[PDB]
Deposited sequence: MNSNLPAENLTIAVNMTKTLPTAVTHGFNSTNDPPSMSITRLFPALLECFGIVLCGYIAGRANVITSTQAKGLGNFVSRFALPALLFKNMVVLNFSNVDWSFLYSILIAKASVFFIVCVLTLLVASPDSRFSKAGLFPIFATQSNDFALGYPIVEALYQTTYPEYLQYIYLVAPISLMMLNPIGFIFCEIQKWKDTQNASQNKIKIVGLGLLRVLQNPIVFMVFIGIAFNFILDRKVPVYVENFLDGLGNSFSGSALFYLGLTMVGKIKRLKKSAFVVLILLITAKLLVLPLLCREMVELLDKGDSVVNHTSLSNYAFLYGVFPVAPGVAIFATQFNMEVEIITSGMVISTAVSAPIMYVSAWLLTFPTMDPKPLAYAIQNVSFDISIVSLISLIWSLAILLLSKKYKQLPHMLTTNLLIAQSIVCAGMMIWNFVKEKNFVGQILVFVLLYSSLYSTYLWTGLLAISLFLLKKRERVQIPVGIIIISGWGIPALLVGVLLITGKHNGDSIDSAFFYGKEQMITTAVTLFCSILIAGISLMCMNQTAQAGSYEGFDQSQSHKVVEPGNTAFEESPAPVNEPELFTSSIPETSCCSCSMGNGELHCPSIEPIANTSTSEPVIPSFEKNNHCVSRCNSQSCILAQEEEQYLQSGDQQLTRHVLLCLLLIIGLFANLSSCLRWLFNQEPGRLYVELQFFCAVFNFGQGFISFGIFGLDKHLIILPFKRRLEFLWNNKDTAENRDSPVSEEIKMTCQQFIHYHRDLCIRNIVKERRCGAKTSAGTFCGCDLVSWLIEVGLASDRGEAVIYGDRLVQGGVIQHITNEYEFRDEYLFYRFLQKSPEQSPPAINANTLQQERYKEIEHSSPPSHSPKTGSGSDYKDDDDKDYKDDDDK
């Protein structure tokens, strides 16, 4: 069976993250100041969300719930909480380890289940498994009732020891922690909704149904937009200690939790048919990938606890969960697809990513060109990288129309697509070189002509060499296999040349500029994901679907890298 309507996921990510991007663009532009944003937030959190919760809680058929699925997602969230909690207590300093162990486990476990989770689960499962949408309104509140009072208890313990008590009365610490979690609209409107579920026998009165529809339907768009507004100005410059803790907590949230969810569902929910069980453990995985809840950042800013790591981490967790949800959901869907419709689905993914990536790149390029920054170094060289990324995205669009049409168009469009693709790799190298030569070799002139010649000619030399030395693999749909093993060898050698050049240069540089360094680092990370995926493809001699999985991992960066350069330069507040 299809298990997930996976083709509905990209439009649903573009809905949810495009509304988050609208809120961000609005707050950055000061269309809505931070003072004004609290009105949307108070509407969202105190009117729209509590109505959405009440509606769904009253309607819920509790005898239709897979309780072992709830227990296993809750045991996965509770064990990640316990892991991050115990580790934070053991690793952090005695002066703040209870503020850290309070909120770092809440961060690693409280998903944005209602605003991001629900629309994405509705997109994936409303047709194949409409019952999966019940578990958001169950898991998310029950996870608050378990885990948020434990983190609030740790925060009250910090204040109790900071005020130099040997102990306070423990009942007031546990009582205020519990009372603070009961005061959250999420918890008490779930309690009220569970009560009215029984009082009404699940029939929402016709009078109240449309009132709850109007408030409930308003939550999704307004909460994503409020989330975007709350991201403005939250990525503080962090020390390396704060930055490594942030990477570890975003890892706990977006990698360890979804792996533990998938495992806990497979170990604890053993009472179902293999199709349901596989779909349900796949659902458990993408439940773990939902980003940190803005409620943790709202708590951190109001308590003034760990504000830098938690507000920055909530923003980076939000943004990073979008590609991880996409990549993860497709990886989990791939086992259901036959190799031929799978190949077309991966090309359709690449067309989708390259359409939206090309639009974001055209905006970013226009911004770089109109700001007239494109005449400086490093900006000329970042503008050449964005042009290479734009010819890559347009090339994938043209390829999806040409893919099996005719040999003349295929060869020219492959030359365009792969020369511009190798060019994006070599431009990550050459841009990182120019940052090394600008920061360190100030006296020495940078050869702009030789750099523009190398960034465009060496890719075209590599593509010419490949058309000469390779055999046409015309039995293949995928551009990432149109010249066979020697194309993955050429791709991998180009990635290794670029990661050498860019690693050498950003190292020697450490031995405007912050945006370009950050771009080169994020692109280097992407090139290392592509290199490791391409080397792993080249080393696997035994046949498998693993080939088309690794081609999908490569394609996501090849065509999606326009979003890294849009994120850094399309949204640069300096232009």
Stretches of the record's deposited sequence for which the structure holds no C-alpha atoms
1-33, 545-653, 718-890
